[PDB]
Amino acid sequence: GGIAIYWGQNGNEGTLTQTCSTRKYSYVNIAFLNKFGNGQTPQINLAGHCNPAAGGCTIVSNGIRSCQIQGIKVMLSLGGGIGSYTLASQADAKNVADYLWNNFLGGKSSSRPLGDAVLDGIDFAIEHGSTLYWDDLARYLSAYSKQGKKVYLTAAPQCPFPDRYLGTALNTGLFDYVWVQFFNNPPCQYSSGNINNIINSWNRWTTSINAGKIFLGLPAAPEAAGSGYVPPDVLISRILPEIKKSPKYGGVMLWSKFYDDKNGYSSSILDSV
Ligand SMILES: CC(=O)N[C@@H]1[C@@H](O)[C@H](O[C@@H]2O[C@H](CO)[C@@H](O[C@@H]3O[C@H](CO)[C@@H](O[C@@H]4O[C@H](CO)[C@@H](O)[C@H](O)[C@H]4NC(C)=O)[C@H](O)[C@H]3NC(C)=O)[C@H](O)[C@H]2NC(C)=O)[C@@H](CO)O[C@H]1O
């Protein structure tokens, strides 16, 4: 399989171009568009990388294209752990979809936040706020694929099944890639000497939802999350041998680029994924 990586939440993790030239990642999620819905003007947060004001982040388009020519798919991730993002109604879902289409996808906008590059899709990283209309957002975005270029839909639900916020959206069967987060959740994450909880969770996800491929989402380092970190050796010799048997296995997802560099996680597991 392949490795999906989240980039954008630490200015010291390197440019998007550097990230893709590592040749270790197959998918890159740009985090995050953490503010939107309920009449708010959408705003992206890329930590210390760039300031979106006055097209300060349009420089990212160079990295996007650099990744895409290498066959790497780049998605814009909605939500995250911090933000006042939400959807007040179905009309709000349509408004946000149209916004995303014109500013990040194949639409037209005189003020595209990340430049003129066209992203491959939208990543759903919703973990708080409203639990409604996310399935509508997925439908409206998917409808735009009928105009020619496919709009990929990916999601990053928490491992507890079913996901309180993305459960309904995932039931639509419109998502291509789903990287479940097996951390910050005691009941379905790894615990010293115990892989039962994570394996049991994996079997529930791979047999319950209709998606293209499902990935094992993990923290790239002990400091990347509150809990759930899995030592490389344990992942390789005890977890991967089991989950790779599933026909829906897509690979591994890691949070995040910054911590991956410091811990050298992807470098240690790449060939086994
Ligand atoms: C898929 C998913 O949902 N992943 C979850 C992760 O979101 C979560 O990790 C934490 O994520 C938040 C964002 O949601 C992130 O917060 C960012 O923190 C950085 C560092 O402090 C801030 O960067 C600074 O921004 C200011 C102004 O924007 C700059 O002036 C300054 O230069 C920046 N500093 C640097 C070094 O770049 C970001 O502003 C801030 N983002 C937001 C939206 O406020 C946390 O740091 C993430 N925490 C960790 C440990 O990575 C993860 C937690 O385990 O859980 C996932 O599920």
# chains A, B, ... in the order shown; residues from 1 in each chain; ligands from 1
call {"tool": "select_by_dssp", "arguments": {"residues": "range 15-62 of chain A", "states": "strand (DSSP E)", "output": "PyMOL selection string"}}
result
chain A and resi 27-33+35-37+40-43
call {"tool": "select_by_dssp", "arguments": {"residues": "range 43-162 of chain A", "states": "helix (DSSP H, G or I)", "output": "ChimeraX atom specification"}}
result
/A:53-55,60-68,90-103,134-147
call {"tool": "residues_around", "arguments": {"residues": "residue 243 in chain A", "least_positions_apart": "4", "cutoff": "9 Å", "atoms": "only C-alpha atoms", "output": "ChimeraX atom specification"}}
result
/A:199,202-203,216,239,249
call {"tool": "residues_near_ligand", "arguments": {"ligand": "ligand 1", "cutoff": "7 Å", "atoms": "only C-alpha atoms and all ligand atoms", "output": "ChimeraX atom specification"}}
result
/A:9-12,32,34,45-49,79-83,125-127,156,181,184,223-226,255-256
call {"tool": "closest_residue", "arguments": {"among": "A:50, A:141, A:234, A:253", "to": "residue 218 in chain A", "atoms": "only C-alpha atoms"}}
result
A:253
call {"tool": "residues_around", "arguments": {"residues": "residue 183 in chain A", "least_positions_apart": "5", "cutoff": "10 Å", "atoms": "only C-alpha atoms", "output": "ChimeraX atom specification"}}
result
/A:158-159,188-190,198,217-219,224-230
call {"tool": "write_last_selection", "arguments": {"atoms": "C-alpha atoms", "output": "compact mmCIF listing (two decimals), in the first residue's frame"}}
result
# COMPACT_ATOMS: atom_id res chain seq x y z
CA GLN A 158 -11.95 8.64 14.89
CA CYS A 159 -11.65 4.88 15.41
CA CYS A 188 -9.65 1.26 19.83
CA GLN A 189 -5.98 2.25 19.93
CA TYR A 190 -2.75 0.44 20.76
CA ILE A 198 -6.98 -1.94 17.39
CA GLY A 217 -4.07 6.21 10.86
CA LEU A 218 -1.35 6.56 13.48
CA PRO A 219 0.76 9.20 15.26
CA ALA A 224 2.22 13.77 17.97
CA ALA A 225 -0.78 12.67 20.05
CA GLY A 226 -2.04 12.29 23.61
CA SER A 227 -1.94 8.50 23.27
CA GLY A 228 -2.00 5.65 20.76
CA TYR A 229 1.59 5.72 19.51
CA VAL A 230 2.80 2.39 18.13
call {"tool": "closest_residue", "arguments": {"among": "A:269, A:44, A:16, A:211", "to": "residue 60 in chain A", "atoms": "only C-alpha atoms"}}
result
A:16
call {"tool": "residues_around", "arguments": {"residues": "range 170-175 of chain A", "least_positions_apart": "5", "cutoff": "6 Å", "atoms": "only C-alpha atoms", "output": "VMD selection string"}}
result
chain A and resid 153 to 154 210 to 211
call {"tool": "write_last_selection", "arguments": {"atoms": "N, CA, C and O atoms", "output": "mmCIF file, in the first residue's frame"}}
result
data_model
loop_
_atom_site.group_PDB
_atom_site.id
_atom_site.type_symbol
_atom_site.label_atom_id
_atom_site.label_comp_id
_atom_site.auth_asym_id
_atom_site.auth_seq_id
_atom_site.Cartn_x
_atom_site.Cartn_y
_atom_site.Cartn_z
ATOM 1 N N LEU A 153 -12.929 12.283 -2.634
ATOM 2 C CA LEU A 153 -13.483 12.499 -1.303
ATOM 3 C C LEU A 153 -12.817 11.544 -0.324
ATOM 4 O O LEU A 153 -12.879 10.328 -0.493
ATOM 5 N N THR A 154 -12.171 12.104 0.693
ATOM 6 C CA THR A 154 -11.499 11.300 1.705
ATOM 7 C C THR A 154 -11.972 11.738 3.090
ATOM 8 O O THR A 154 -12.462 12.857 3.260
ATOM 9 N N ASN A 210 -18.627 1.219 2.888
ATOM 10 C CA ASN A 210 -18.330 1.062 1.473
ATOM 11 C C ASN A 210 -17.452 2.215 1.014
ATOM 12 O O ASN A 210 -17.947 3.299 0.708
ATOM 13 N N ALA A 211 -16.148 1.977 0.980
ATOM 14 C CA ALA A 211 -15.199 2.989 0.540
ATOM 15 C C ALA A 211 -14.148 2.318 -0.328
ATOM 16 O O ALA A 211 -13.975 1.101 -0.272
#
call {"tool": "residues_around", "arguments": {"residues": "residue 42 in chain A", "least_positions_apart": "6", "cutoff": "10 Å", "atoms": "only C-alpha atoms", "output": "ChimeraX atom specification"}}
result
/A:33-36,85,96,99-100,113
call {"tool": "write_last_selection", "arguments": {"atoms": "N, CA and C atoms", "output": "PDB file, in the first residue's frame"}}
result
ATOM      1  N   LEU A  33      -8.518  23.808   6.665  1.00  0.00           N
ATOM      2  CA  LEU A  33      -9.447  24.890   6.377  1.00  0.00           C
ATOM      3  C   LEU A  33     -10.309  24.714   7.628  1.00  0.00           C
ATOM      4  N   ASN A  34      -9.916  25.376   8.711  1.00  0.00           N
ATOM      5  CA  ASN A  34     -10.589  25.206   9.995  1.00  0.00           C
ATOM      6  C   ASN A  34     -11.712  26.177  10.323  1.00  0.00           C
ATOM      7  N   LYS A  35     -12.030  27.076   9.401  1.00  0.00           N
ATOM      8  CA  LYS A  35     -13.089  28.044   9.648  1.00  0.00           C
ATOM      9  C   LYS A  35     -14.005  28.198   8.440  1.00  0.00           C
ATOM     10  N   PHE A  36     -15.276  27.852   8.620  1.00  0.00           N
ATOM     11  CA  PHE A  36     -16.261  27.961   7.551  1.00  0.00           C
ATOM     12  C   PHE A  36     -17.653  27.617   8.064  1.00  0.00           C
ATOM     13  N   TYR A  85     -15.492  25.672  12.675  1.00  0.00           N
ATOM     14  CA  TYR A  85     -16.126  25.177  11.463  1.00  0.00           C
ATOM     15  C   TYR A  85     -17.427  24.450  11.790  1.00  0.00           C
ATOM     16  N   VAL A  96     -20.914  26.105   0.953  1.00  0.00           N
ATOM     17  CA  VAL A  96     -19.531  25.711   1.208  1.00  0.00           C
ATOM     18  C   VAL A  96     -18.980  24.885   0.046  1.00  0.00           C
ATOM     19  N   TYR A  99     -18.198  27.160  -2.735  1.00  0.00           N
ATOM     20  CA  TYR A  99     -17.004  27.903  -2.351  1.00  0.00           C
ATOM     21  C   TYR A  99     -15.755  27.080  -2.633  1.00  0.00           C
ATOM     22  N   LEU A 100     -15.751  25.845  -2.138  1.00  0.00           N
ATOM     23  CA  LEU A 100     -14.621  24.940  -2.319  1.00  0.00           C
ATOM     24  C   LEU A 100     -14.323  24.693  -3.789  1.00  0.00           C
ATOM     25  N   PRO A 113      -7.101  30.955  -2.316  1.00  0.00           N
ATOM     26  CA  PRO A 113      -6.159  30.923  -1.190  1.00  0.00           C
ATOM     27  C   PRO A 113      -4.800  30.277  -1.447  1.00  0.00           C
TER      28      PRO A 113
END
call {"tool": "residues_around", "arguments": {"residues": "residue 264 in chain A", "least_positions_apart": "4", "cutoff": "9 Å", "atoms": "only C-alpha atoms", "output": "ChimeraX atom specification"}}
result
/A:220-221,259-260,268
call {"tool": "decode", "arguments": {"residues": "range 41-66 of chain A", "atoms": "N, CA, C and O atoms", "output": "PDB file, in the first residue's frame"}}
result
ATOM      1  N   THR A  41     -16.602  33.799   6.797  1.00  0.00           N
ATOM      2  CA  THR A  41     -15.773  33.822   5.602  1.00  0.00           C
ATOM      3  C   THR A  41     -14.759  32.702   5.813  1.00  0.00           C
ATOM      4  O   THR A  41     -14.003  32.719   6.786  1.00  0.00           O
ATOM      5  N   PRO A  42     -14.741  31.705   4.915  1.00  0.00           N
ATOM      6  CA  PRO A  42     -13.799  30.592   5.056  1.00  0.00           C
ATOM      7  C   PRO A  42     -12.362  31.071   5.199  1.00  0.00           C
ATOM      8  O   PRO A  42     -11.946  32.020   4.532  1.00  0.00           O
ATOM      9  N   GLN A  43     -11.610  30.421   6.078  1.00  0.00           N
ATOM     10  CA  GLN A  43     -10.216  30.781   6.274  1.00  0.00           C
ATOM     11  C   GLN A  43      -9.363  29.546   6.504  1.00  0.00           C
ATOM     12  O   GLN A  43      -9.738  28.644   7.251  1.00  0.00           O
ATOM     13  N   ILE A  44      -8.210  29.512   5.850  1.00  0.00           N
ATOM     14  CA  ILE A  44      -7.297  28.392   5.986  1.00  0.00           C
ATOM     15  C   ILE A  44      -6.199  28.750   6.978  1.00  0.00           C
ATOM     16  O   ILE A  44      -5.817  29.913   7.108  1.00  0.00           O
ATOM     17  N   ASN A  45      -5.705  27.744   7.688  1.00  0.00           N
ATOM     18  CA  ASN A  45      -4.641  27.944   8.656  1.00  0.00           C
ATOM     19  C   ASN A  45      -3.506  26.989   8.324  1.00  0.00           C
ATOM     20  O   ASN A  45      -3.676  25.770   8.381  1.00  0.00           O
ATOM     21  N   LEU A  46      -2.354  27.543   7.957  1.00  0.00           N
ATOM     22  CA  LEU A  46      -1.189  26.727   7.641  1.00  0.00           C
ATOM     23  C   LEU A  46      -0.045  27.067   8.581  1.00  0.00           C
ATOM     24  O   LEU A  46       1.108  27.163   8.164  1.00  0.00           O
ATOM     25  N   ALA A  47      -0.376  27.249   9.855  1.00  0.00           N
ATOM     26  CA  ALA A  47       0.617  27.568  10.874  1.00  0.00           C
ATOM     27  C   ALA A  47       1.573  28.662  10.403  1.00  0.00           C
ATOM     28  O   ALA A  47       1.142  29.700   9.902  1.00  0.00           O
ATOM     29  N   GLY A  48       2.871  28.418  10.558  1.00  0.00           N
ATOM     30  CA  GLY A  48       3.865  29.405  10.172  1.00  0.00           C
ATOM     31  C   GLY A  48       4.358  29.327   8.738  1.00  0.00           C
ATOM     32  O   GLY A  48       5.279  30.049   8.364  1.00  0.00           O
ATOM     33  N   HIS A  49       3.755  28.462   7.930  1.00  0.00           N
ATOM     34  CA  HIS A  49       4.157  28.326   6.532  1.00  0.00           C
ATOM     35  C   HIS A  49       3.950  29.616   5.743  1.00  0.00           C
ATOM     36  O   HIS A  49       4.865  30.102   5.080  1.00  0.00           O
ATOM     37  N   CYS A  50       2.743  30.167   5.817  1.00  0.00           N
ATOM     38  CA  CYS A  50       2.409  31.382   5.082  1.00  0.00           C
ATOM     39  C   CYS A  50       1.188  32.047   5.701  1.00  0.00           C
ATOM     40  O   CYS A  50       0.464  31.431   6.483  1.00  0.00           O
ATOM     41  N   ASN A  51       0.970  33.310   5.354  1.00  0.00           N
ATOM     42  CA  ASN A  51      -0.197  34.036   5.829  1.00  0.00           C
ATOM     43  C   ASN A  51      -1.091  34.137   4.601  1.00  0.00           C
ATOM     44  O   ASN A  51      -0.688  34.690   3.580  1.00  0.00           O
ATOM     45  N   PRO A  52      -2.312  33.586   4.677  1.00  0.00           N
ATOM     46  CA  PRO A  52      -3.258  33.610   3.557  1.00  0.00           C
ATOM     47  C   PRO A  52      -3.637  34.996   3.031  1.00  0.00           C
ATOM     48  O   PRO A  52      -4.089  35.129   1.893  1.00  0.00           O
ATOM     49  N   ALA A  53      -3.441  36.023   3.853  1.00  0.00           N
ATOM     50  CA  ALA A  53      -3.770  37.390   3.461  1.00  0.00           C
ATOM     51  C   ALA A  53      -2.941  37.874   2.272  1.00  0.00           C
ATOM     52  O   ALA A  53      -1.752  37.571   2.165  1.00  0.00           O
ATOM     53  N   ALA A  54      -3.582  38.628   1.382  1.00  0.00           N
ATOM     54  CA  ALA A  54      -2.924  39.180   0.201  1.00  0.00           C
ATOM     55  C   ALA A  54      -2.219  38.118  -0.638  1.00  0.00           C
ATOM     56  O   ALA A  54      -1.149  38.366  -1.200  1.00  0.00           O
ATOM     57  N   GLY A  55      -2.822  36.936  -0.719  1.00  0.00           N
ATOM     58  CA  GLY A  55      -2.242  35.860  -1.502  1.00  0.00           C
ATOM     59  C   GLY A  55      -0.893  35.392  -0.990  1.00  0.00           C
ATOM     60  O   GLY A  55      -0.048  34.952  -1.770  1.00  0.00           O
ATOM     61  N   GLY A  56      -0.689  35.480   0.320  1.00  0.00           N
ATOM     62  CA  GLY A  56       0.571  35.057   0.903  1.00  0.00           C
ATOM     63  C   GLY A  56       0.799  33.556   0.837  1.00  0.00           C
ATOM     64  O   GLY A  56       1.923  33.086   1.003  1.00  0.00           O
ATOM     65  N   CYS A  57      -0.264  32.796   0.596  1.00  0.00           N
ATOM     66  CA  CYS A  57      -0.149  31.347   0.515  1.00  0.00           C
ATOM     67  C   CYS A  57      -0.301  30.811  -0.905  1.00  0.00           C
ATOM     68  O   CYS A  57      -0.328  29.598  -1.109  1.00  0.00           O
ATOM     69  N   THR A  58      -0.402  31.701  -1.886  1.00  0.00           N
ATOM     70  CA  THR A  58      -0.546  31.262  -3.271  1.00  0.00           C
ATOM     71  C   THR A  58       0.714  30.540  -3.739  1.00  0.00           C
ATOM     72  O   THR A  58       0.711  29.881  -4.778  1.00  0.00           O
ATOM     73  N   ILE A  59       1.788  30.663  -2.964  1.00  0.00           N
ATOM     74  CA  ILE A  59       3.059  30.025  -3.293  1.00  0.00           C
ATOM     75  C   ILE A  59       2.949  28.505  -3.167  1.00  0.00           C
ATOM     76  O   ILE A  59       3.772  27.764  -3.708  1.00  0.00           O
ATOM     77  N   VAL A  60       1.924  28.044  -2.457  1.00  0.00           N
ATOM     78  CA  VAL A  60       1.712  26.613  -2.253  1.00  0.00           C
ATOM     79  C   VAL A  60       1.368  25.877  -3.551  1.00  0.00           C
ATOM     80  O   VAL A  60       1.600  24.672  -3.666  1.00  0.00           O
ATOM     81  N   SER A  61       0.816  26.599  -4.523  1.00  0.00           N
ATOM     82  CA  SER A  61       0.461  25.997  -5.806  1.00  0.00           C
ATOM     83  C   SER A  61       1.659  25.325  -6.463  1.00  0.00           C
ATOM     84  O   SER A  61       1.508  24.325  -7.165  1.00  0.00           O
ATOM     85  N   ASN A  62       2.848  25.874  -6.240  1.00  0.00           N
ATOM     86  CA  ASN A  62       4.056  25.296  -6.811  1.00  0.00           C
ATOM     87  C   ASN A  62       4.300  23.906  -6.237  1.00  0.00           C
ATOM     88  O   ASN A  62       4.714  22.992  -6.952  1.00  0.00           O
ATOM     89  N   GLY A  63       4.039  23.757  -4.942  1.00  0.00           N
ATOM     90  CA  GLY A  63       4.216  22.471  -4.294  1.00  0.00           C
ATOM     91  C   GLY A  63       3.145  21.488  -4.729  1.00  0.00           C
ATOM     92  O   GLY A  63       3.420  20.306  -4.927  1.00  0.00           O
ATOM     93  N   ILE A  64       1.917  21.976  -4.875  1.00  0.00           N
ATOM     94  CA  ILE A  64       0.812  21.128  -5.299  1.00  0.00           C
ATOM     95  C   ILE A  64       1.119  20.483  -6.649  1.00  0.00           C
ATOM     96  O   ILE A  64       1.023  19.264  -6.793  1.00  0.00           O
ATOM     97  N   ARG A  65       1.501  21.294  -7.632  1.00  0.00           N
ATOM     98  CA  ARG A  65       1.810  20.770  -8.960  1.00  0.00           C
ATOM     99  C   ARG A  65       3.012  19.841  -8.932  1.00  0.00           C
ATOM    100  O   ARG A  65       3.044  18.832  -9.634  1.00  0.00           O
ATOM    101  N   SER A  66       4.004  20.190  -8.121  1.00  0.00           N
ATOM    102  CA  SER A  66       5.207  19.381  -8.004  1.00  0.00           C
ATOM    103  C   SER A  66       4.860  17.977  -7.509  1.00  0.00           C
ATOM    104  O   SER A  66       5.462  16.989  -7.932  1.00  0.00           O
TER     105      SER A  66
END
